[PDB]
Structures are given as structure tokens and as C-alpha cells.
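Okay, so we've got the same protein chain twice, two forms, each given alone as C-alpha cells, structure 1 and structure 2.
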Structure 1
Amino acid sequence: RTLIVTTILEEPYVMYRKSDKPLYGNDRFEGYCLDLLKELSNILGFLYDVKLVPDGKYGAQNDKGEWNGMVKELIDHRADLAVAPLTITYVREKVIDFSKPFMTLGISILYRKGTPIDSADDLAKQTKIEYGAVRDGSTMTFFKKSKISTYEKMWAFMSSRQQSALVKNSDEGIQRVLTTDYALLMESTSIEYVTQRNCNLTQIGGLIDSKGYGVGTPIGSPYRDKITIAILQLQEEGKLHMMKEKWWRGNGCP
């Protein structure tokens, strides 16, 4: 059987390969998520067809409760699997199925080395350093929904001034941190990838929560549980950690 896999460009999970000529089909892509998909397909014995989500989004709900992104692709049975850094969340888990996590992480803070900022409360209690998150992502949703005082304060700040503190995507966020006085609230695995490559940046504080990425399937799909068992096998064999080290490790920080 050939499975249709929805995905999205996101370093280092899914990237365009480098080549002298135009590329076609699955050969267009490489990354952690392509390696994962390869291992899963060998364990479970399926073939696969990788398609970028047409609207370029992960999956959030609008005011009318309608979904977009890779989540909507699954709800509508336009894909068999979503393989991406798709955060397992309460709201998504109500409308699609996820495997157990293939990576665990938490929200943390990307900012410059060598400053007095130590934690999110240090950001919450001031207004000179701007801070925000990718608009409509699981990090933003976390803050919008929080009832913890510090995070309520932070949400009030991020959402002020027509959400001027938010960014459209992680790359925009990375550039804003590098150039201006701005902190990005970012999933810790992406932070690790960034700070391997930008020696002037650092994670600030630890993880403010705990969550995972999981393979998405339509609700009621039989592949959800097979993929879970396959992920646990890869985890216990040390394969997922080897895959992470392959794609994360940078060129060293002087």
C-alpha cells in the first residue's frame, strides 16, 4: 500500500535537498522527518507519497471552529499520515489521532547570550525587551489559554498593539531576536537547533511545559497504533536519538 503523507517545510525536519538539477517526488526532501518516515516504512512495510500541505499551515481553529493545515488534511481524509513537528495538544487530539511522541520538548525562550534575563517571569515583569511567539501556533495557544498569572501577563503583552510582538514563522522570529531587542517563545527542540548555529543566541530558563510531537492520522485510523509501536521500537533501540544528533549537531561554538 502507498500512504499519502502530508508535511510542511521546517528545518531540520523537512527541507529541500541540494542538487544540480530539478528534483521530483520524494527525492525533493530530506530531514529528520524523512529519516523517520523511512524507518517507519521499513518496520511496518508501506510505501509513501510525501505532499506539502497546500496552505502551508500546521493546524489551528478559526472563530467558527473550522480547522486548516495538516490537521484539516487529516480530518478530510486527504492524507493517511502527517509527519512533521506537529505538537500533540488537547485541541488537536479532539479532532485527529496522534501516535505516541517521537520527540519530547517544551516551550522555552530564545534570546541573546550575556543578558540579565533568566526566566519568563523576568520578561513578564518588564516592557522594554519585546517578546512573542509564532502567530496561531501551539506556543501562542498555550499563552492565550493559560490562567497562570505570569503567562496571563505575557499574553496581555503579546496580544497588545494588534499582536505586533508576534511573528508569522520561526525564521522571522529568529531574525527579530538577532537584530533587535526581542525574545522568542519557541519549542525547545527548535531552540537547540538554532543555538547550535547561532553562537550569540541561547535558551533562557528551562522548559515551561512538557509535550511531544507525534505522527497524526485521521480519527479511527489503524496505522495510529502500529506507528506507536514502531516509534517505541526506534526509541528503545537508540535510533531516534541517533537521528536527532545527525540533524541537530552544528559546526561548534567558538
Structure 2
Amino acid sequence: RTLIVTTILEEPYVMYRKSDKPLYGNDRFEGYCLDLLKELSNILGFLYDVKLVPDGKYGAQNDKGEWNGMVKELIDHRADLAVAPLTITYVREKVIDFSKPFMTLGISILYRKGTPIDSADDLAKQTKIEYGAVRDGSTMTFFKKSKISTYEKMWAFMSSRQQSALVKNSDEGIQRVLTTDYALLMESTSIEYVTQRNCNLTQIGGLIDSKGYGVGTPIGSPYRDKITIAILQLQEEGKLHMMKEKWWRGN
């Protein structure tokens, strides 16, 4: 059985290789998730075929309980595994299984260096520095559903200034931090990726929430626990660290 692996284009997890050489099948791709998949294949001993998810979505549910994205590929048994920066969540666990996480991350703050600002409190108790998040993304949702006193104030701040505090996308948000007295709330993985490449930017404070990326499988898949095992081995031997450094390290 050659396993079908659903995944999604997302830098630096999954990208097309910058090459016109005759590369076919799995060889067309590179990135952290491709390296992880290669290690998993070698530990477990499986053949695999990487397939980009056709609708280009991670996976969410409609009012009819119908799913899309990589999650739907697994549910429909059109993929054996999903190896991507796919968040392990309560709603997804109802319909698919996940290995234990290969990466743990959380919302944090991206801002300029050399400022007194040190945490989320330093932003909430002031208005001279604008702060927001990518509109309609996981990060904004967190602040909109959070009952944590301090994050309720931040959302009340971001929302009252929806037009200029909530950006269109990461690229826009990053440029906004670079070109104005602005702080962007974004996942720690992305902040790390951007700060490695912009010496003028830095992360502020610690993790605001916590979640992990896991390998998705259909419910009952006999590969799930084996993949967890392999992940732990990689973690313990320092391979996940070197895999992360390989892709994240900048100049």
C-alpha cells in the first residue's frame, strides 16, 4: 500500500522546489513537512504519494456538518495521512484522528526592536501603539472568543479600529509593523520565521495561547500511534530541532 498524503502549499512547510530539473512525484516538493514525511516513511517503512489538497483548504465544517480541505480528504478516505501545519483541535478530533504534535506553537506579538513594550499587557493598557491581527484568521478569532479580561480589552480595541487595526494578510501586517508604530498578533512559528529574516523586527512577550500541529489520519487508522512513536523518536534525538533550524534559520 502506497499511502496517499494530503498536504497544502505553505512556506516553509511545503513548497515547490526552485528547479526545472526532471523532478516528478514527491521530488517536486520540499519543506519542513516533506522532510518530516521522509523521516516518517523511513522509520515506519511505508511508500507514499504526496497530493496537494484540491481545494487548497486546511479543513472546516459547514452548517450541514460537511467538511472541506485536508480534513475532508481524510474523511472520504482519499488520503491516508495529512502532513501539514494542521492544528489538532476538538472539532477536528470528532471526525479524524491525529498523531501527537510534531510542533507546538501559540499566538504572540510581532513588533519593532528597542521599545519598552514587553508583553500583551503593555499593549492593552495603551492606545498610542496600534495593534491588531489578520482579519478573520485563527488569531483574530482567539481574541474575539476569549473571556480573558486582558484579551477582551484588546479585542474591544482591535474591533473599534477594525478598519485600520485588522489587516488583510500576514504580508500586509508585516509591512504595517515595518512602516508604522504597529504590533501584529500572529502565530509564534510565523513570527520566528519573519524575525529570522528581518533584523528590525522582534517577538514581544510569550505565547498567548497553545496548540500543536499533528499528522491527521482517518478515525481508527493503524498508522496514527506509529506516527506518534516516530515523532517522539525524532524529537528526542534532536531531529525535529535540526529540521526546524534547517527551514527557519535566516541571516
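Only the largest set of C-alpha atoms that superpose within 1.5 Å between the two forms is called the rigid core. Numbers follow structure 1, counted from its first residue as 1.
The two rigid parts rotate relative to each other between structures 1 and 2, and of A165, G59, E73, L105 only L105 lies at the hinge.
This chain moves as two rigid pieces, and the smaller piece turns through 20° between structures 1 and 2.
Shown is the Cα shift of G132 between structures 1 and 2 after rigid core superposition, which amounts to 6.0 Å. The shift recorded for the CA atom of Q203 between structures 1 and 2 is 3.2 Å, with superposition on the rigid core. Comparison between structures 1 and 2 places the CA of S160 9.0 angstrom away from its other position, after core fitting.
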